[PDB]
């Protein structure tokens, strides 16, 4: 029967509670016990704190009224307050020490995932201090995980007034016996109980979660490590920049701080970075995730030569110019990773830092044609199949659902043999017509790619392979250079095409290269090991690109 869960911010979603810091201050300053808590509630509903929680006055307006209540309290207590005493300093440190109670948020997320409506109901103030950004940042991180956020100062009502609980029930569109309410202050539970709601008194997190487990029948404690937050296409800010008359690039944008540009591979989308976008934004970066030329909502001209590296790199520079960005950190994967090494070799001033996932930097061989180096590697046989225009397109567009289900699989779930693709006459000749769904992706995630490739097709994406000779001549101009800006190479142990050993001589060209290695990871790195990728990127960004 339970279908909604309500949490308080202070003392349940964020720790430690403000009241906890008032008691710690009394002890530290050798003040009479309870003195600061008495001044805090001085007057009850008529008092300064009630006016503050109702939104009648701001936090900066309340500070001198609280200072006064401390003096009036100390005169009756026959005590002398120190000359260092400042309500502002006490509150600045208390508000700043508060951090998200990770196990409580994890439990809220699990309940929402299992069908629950979740909400935060808190007694809070209008913060106009010079340090108010810390609070804004906290609320933003939390509000994306809950259906509703009800703040006292916005609705003009406070807990424990009975009107605020009636307002909650009408917002949730639920009966009181369908709601669980968690709060660390007993007085605030009193009216929730009178109405018939299930209440949990939060003293410690573990005991509170055990009570929540019993009452919901869902496992919350000792649960496996959850996947990172993935973003929703319809909730993203969508950007469109025209880089040249017939070419418009589409990107998705989130966050503030140094710009980080994400470049997907074949046959993918901006959506392939869904697990990295919210994490990098939360770490302090402005993320721009591209739909590369030939894909999704970006232009897809039919001409082969529109997809040679030289053209693709020039358009990326124009993209930064039109956005008004002098520099960006470039992070690529697969074909995108190849592009970012060439952005660092040809436009170092525009690249703050460079990172590639799976794709190594391979210098061009001036003594051997690229088509003969391709024939030397039997794993790269499929690249010869991709050369004839129309051939690979017809097979890949014949059944879009089959194409993405056959490709997006973990390394143990493989269903294709990359050698003798030309002999066999196709990539899916020895493959099932209806392949099983991989453990990496959901049906809905596969359907997103199917929708994007129904508009564009495979001509644009396949043309990235039809410029071997043009790319070879252009890359031969950089054989005397070294990459001397911050660089990161991330290898994937189980990528059977882009094997880790292909990157072993990279230190000859990038002397101060930083490395990362991911075990049991296949070709589709971002969605195969999302937490590992996020950890490696954030650690490197904070040190080499700040």
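Positions refer to the first chain, counted from 1. Take the two forms, find the largest set of C-alpha atoms that superpose within 1.5 Å, and that set is the rigid core.
Remark: when the other structures in 9 other deposited structures of this protein are fitted onto this one via the rigid core, 87-95 deviates more than the alternative among 87-95 and 100-108, judged by RMS CA distance. Of 115-123 and 425-433, the stretch whose C-alpha atoms sit farther from the shown form in 9 other deposited structures of this protein, after fitting on the rigid core, is 425-433. Mean CA B-factor, 272-280 versus 428-436: the higher value falls on 428-436. Look at the C-alpha B-factors of 365-373 and of 391-399. On average they run higher in 365-373.
Reading the B-factor column for the CA atoms of 414, 152, 463, 359 in the entry, the top value corresponds to 414. Between the residues 287, 328, 379, 249, it is 379 that shows the highest Cα B-factor in the PDB record. In this PDB entry, residue 219 carries a Cα temperature factor that places it within the highest third of its chain's modelled residues.
For residue 341, the recorded CA B-factor ranks within the lowest third of the chain. Only modelled residues enter the ranking. The deposited CA B-factor of residue 13 belongs to the middle third of values across its chain. In this PDB entry, residue 56 carries a Cα temperature factor that places it within the lowest third of its chain's modelled residues. Per-chain ranking of the deposited C-alpha B factor places residue 334 in the lowest third.
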